[PDB]
Ligand SMILES: Nc1ncnc2c1ncn2[C@@H]1O[C@H](COP(=O)(O)OP(=O)(O)O)[C@@H](O)[C@H]1O
Ligand SMILES: Nc1ncnc2c1ncn2[C@@H]1O[C@H](COP(=O)(O)OP(=O)(O)O)[C@@H](O)[C@H]1O
Ligand SMILES: Nc1ncnc2c1ncn2[C@@H]1O[C@H](COP(=O)(O)OP(=O)(O)O)[C@@H](O)[C@H]1O
Ligand SMILES: [Mg+2]
Ligand SMILES: [Mg+2]
Ligand SMILES: [Mg+2]
């Protein structure tokens, strides 16, 4: 029984190999008073403590805080001893080789895991869709990545990173909900706005046409009930919040949208393989779960790509946890038991063995 | 054998730890000629002296007079030596930190108490009901407090203080009893009206409907015989006197009623915890002993709170002395003997020790 | 003779163009029975009415009540006919475009003003200080705004809003003055506490040092006379009440202080212009009139900004009414008469003209 | 804060309940599904109530549903501490988290209610890792399965102990 951990930028997904869904999905934050709370404990105290993201943008920046999150994952969330189960870790694209050895060293020396493995999140998303060649638009919590993959190997020179994801959309929804008279400023009220965003927000195929529809009637308005029983009404903010994905200028950001980032990363690849990437664009991550985001991405990329190219956006229904579900299936295979990095193998080659066993 | 003293706004409750009811319940007054009389002695002289409340609104204002009440409590009421027994004191919510050290200084230097402890009145009421989270609407003699408590810690920013309690209701009952021809103006007659209020007054579920019922028959009339031979017959004044709690405009007060004060204090807490406070509203204090007050609060708060919230008003039968009984149970525990502030600890840390041992 | 109306969150400023000071300054409240009283009339009835703020947080929320305030402004306060004078309105930062068209529609149809104009309050304050680039910390009655401005254009993505202003400080002074034995609960007593705050309160440069000074002597105590002739003395509350601006945790708020809000809004701007914003921090609004607030803000921001940056806090002596006086000077210029939105232009372009003539 | 400490037997039992060790299915059947804690005779320590526990092996053979039988173990006129291992399913996850249940019925004696309430914040601090707390003051607030599900994940919970709500 191996463990699969998906260290996401804003949410940590953990579980057991062979399961259909992760057992534990908790925020990856460490809270200290303005003495240390990890996960939902840090969010239960609300405003007394200050919250820090150790993996804020997919890349681990505070290894002391990440050691706390992994310890919280194994004992408090998974409720297992890490020394008895092999652990499969996932890493963001363009992860420096120094970080890969750090995860290997921490797993084998601190948690004493019998076996360990590292997988790329974008590759697991592509494999879970039955593809080895394509481009994965993995939009998570703190970072958005467009990872073109050829024959199971990501092209590092063409990987583009966008610091625009669900965390920035939740903050934008909090800002535009104050235009209706509401006030969501506290940490507790931020989780409420996140629940509003995950339930009522959607991507409009034509933003300007949708704005005119919302300003001439009330068919687009929805009601949401707060935890204290109060009911609020949201109108055109339903499609304005996710519109910042395609128009980052709504956030004051100078970068391009997710559609242009995907197109730009395709144009950075070999000309002979761009035709395959156009028809194999796979969406992944939680921020790609807005209804109508695949139809909007198809329309936007079509306007950018040549008219003779066939644009096909793949949005599997299980794309929210495609990274973890892909890892759990891989780690549960009996033929995968030879691909683990054993503790005996770690003792001889050291942390550098992860480069030759997990690529 | 520890001592438990509940310094109320108008009534001082004292006794020994382990007893079910306080041994001494006397008014907390100091009488001087218009040379110093305290407790029932000051009330026995009636009108020759002038009475002053040192703790009028839960907060001690005249520390010289409050010392005499403590001296009267220990020697004349409890008939015990202060230096032979630890004493547990109770404090009103939002008590300034300067006052807390003054109680510690007086106990250790004037009365030379071997041990000392300070507890919050609202928390003891909530603990006595088997709750660690809830809102306690403590209506005493001179002040009414709505204290929301979360995991045993009162939320100071959401505590609301109302200067409307049994003392004002007794004065109001005297004012409306003059409309029937009866005269109650003297200090001695005021105590008679207080006994009338504690025995024949009740809170009407529907005030306007109850007023019509009293104006169409005599079923609500309860003839009360005074100590002398007048035999008054109070009619609709039975439910009009306690109605001032929910309609303070009867007294010329611009403040809101106890139902709106409780709701307003709930709305000042975190939106997450408001659901728990609605279903854990606990009544405490002597002024909450009117029959039908729990049902009236349930009806009034429901009209204010959202319809999806479950409103539950808790009115324990022993809520009149729930503060003292809660302190007596705690002070009599063998495991509580380690939480006393020893005289040896006061000699080292000074009056500031209470801030760390009693929070 | 043009009219300049400054619609503040809690106080409405009105007057004529060219005047040095506004003619009428009245609270922006609408009173209804617990039938319609606006301004000082609603405050003269005290507790018989319930008061509502239509522009509570700088943004108009109840347009029906706002028309009453403007009608009261022109006829009862200014004592002029709206149809004979052009009117210059001021709007809060981040005001939605829907509101801007509503003000244009109201003044042209309900009041039939010959000309009309909209100006941003923060830009008027910055211009009055002789600057086109800088950050304005506009602290008013119900809202505090930090508006970074570059070349006369406010940066909407970097504007931060704080729901902590003079209204919350008046309530906090009411709460902490009860620790001294005083009782301020009524609406009439709230106006007295507001007068105490505006005359005796000051911002302490070092809060902890000043508390020790006030606890060892009586040199910081001041005396105030109530309208009924009584005299009260206030001590350390002079600097504790405005300290909530820099330590919002005194009010139970999770938000950051005005010094951190200003720093955070600067860090949300372009890296090249942050140097200019550090040395061009302009204070505006009534709540910034506490003595010593400029020196405290200079020290607090310096500890946040890098040591190589020059921090300069600008506190003009006229900053209480800098928005109105800036508007009055602008509206009184002969060259400004071509910038008005005429009724003829409104009849052709409709309410949408304001977006192209007032930006 | 009544100073009531937690006995080493309760701490040991909580430790096995929280972290699951790889074991033979015979030892898996010996895992505790639910357990009750009570004050000692001298009211100085929180001890395990002997005989009041539910085993994982008892589920499905003698116990049809683990929650209703656990509620039956709660005394009618006494306060009690409980530890329930709730197995529920969310719309996108199957979760298994411990629930600390504070049972303080209104019919309980006043002395029991005061001591249990004042010492709850001390025992819960020793049982680190518990993220769900259920404060029940009457039989109605604890007998319903939907009450536990609301505390676990609110309306997101679709199943409890393998049975839909
Ligand atoms: N149904 C949904 N609709 C829109 N956004 C969602 C939905 N579910 C989750 N999200 C967003 O996805 C973000 C995190 O998703 P995920 O990709 O798992 O994070 P990570 O960056 O850790 O991989 C959250 O910030 C949340 O706002
Ligand atoms: N049975 C009763 N019914 C109505 N009011 C009562 C009753 N018993 C006491 N009171 C009122 O409670 C007030 C004080 O009670 P208490 O809560 O002990 O005051 P404090 O908490 O300030 O010491 C008295 O003024 C009395 O009028
Ligand atoms: N001299 C002063 N010192 C301190 N505070 C003041 C002073 N003058 C006015 N205020 C406060 O400023 C607040 C609002 O002033 P103003 O800037 O007119 O608000 P708004 O911009 O909302 O109209 C008032 O609540 C008042 O308490
Ligand atoms: Mg991810
Ligand atoms: Mg009391
Ligand atoms: Mg202003």
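To match Swiss-Prot, the residue numbers of chain D are left as they are there, and the shown ones run 2-166.
Per deposition record, electron microscopy, 3.0 Å.
For all residues, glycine too, the Cβ spot is worked out from N, Cα and C.
Listed features, source Swiss-Prot:
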- D:3: phosphoserine (MOD_RES)
- D:4-153: domain 'ADF-H' (DOMAIN)
- D:8: phosphoserine (MOD_RES)
- D:13: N6-acetyllysine (MOD_RES)
- D:25: phosphothreonine (MOD_RES)
- D:30-34: motif 'Nuclear localization signal' (MOTIF)
- D:41: phosphoserine (MOD_RES)
- D:68: phosphotyrosine (MOD_RES)
- D:73: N6-acetyllysine (MOD_RES)
- D:82: phosphotyrosine (MOD_RES)
- D:108: phosphoserine (MOD_RES)
- D:132: SUMO2 cross-link (CROSSLNK)
- D:140: phosphotyrosine (MOD_RES)
- D:144: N6-acetyllysine (MOD_RES)
- D:156: phosphoserine (MOD_RES)
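Remote same-chain residues near the motif 'Nuclear localization signal' (D:30-34) are listed as 14, 17-18, 21, 54-60, 64, 67, 71, 84-86 (criterion: CB distance under 8 Å, separation of at least six residues from the stretch ends). Checking the modified residues D:13, D:41, D:140 against chain A with a Cβ-Cβ cut-off under 8 Å leaves no residue at all. Taking 8 Å as the upper bound (exclusive) on CB-CB distance to chain B, the modified residues D:41, D:68, D:82, D:144 give none. Distance from the CA of residue D:82 (phosphotyrosine) to the CA of residue D:13 (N6-acetyllysine) is 16 Å. For residue D:73 (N6-acetyllysine), the modified residues whose C-alpha atoms fall inside a 10 Å radius of its own C-alpha are D:144, out of D:25, D:82, D:108, D:144, D:156. The shortest Cα-Cα distance between residue D:41 (phosphoserine) and any of the modified residues D:3, D:8, D:68, D:140, D:144 is the one to D:8. The Cβ of residue D:25 (phosphothreonine) lies under 8 Å from the Cβ of no residue that sits 6+ residues away along the same chain.
Ranking the modified residues D:68, D:82, D:140, D:144, D:156 by Cα distance from residue D:8 (phosphoserine) puts D:82 first. The modified residues shown are D:68, D:140, D:144; of these, the one with its CA atom nearest the CA of the residue listed as 'SUMO2 cross-link' is D:68.
A simple Cβ count within 10 Å picks out one of the modified residues D:8, D:156 as the most packed, and that one is D:8. Spatially, by CA atoms, the modified residues D:68, D:82, D:140, D:144 include one closest to residue D:108 (phosphoserine), and that is D:140. Remark: residue D:3 (phosphoserine) has D:116, D:119, D:120, D:123 as non-local neighbours, by Cβ distance under 8 Å and separation of at least 6 in sequence. Calculated from their C-alpha atoms, the gap between residue D:156 (phosphoserine) and residue D:144 (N6-acetyllysine) amounts to 18 Å.
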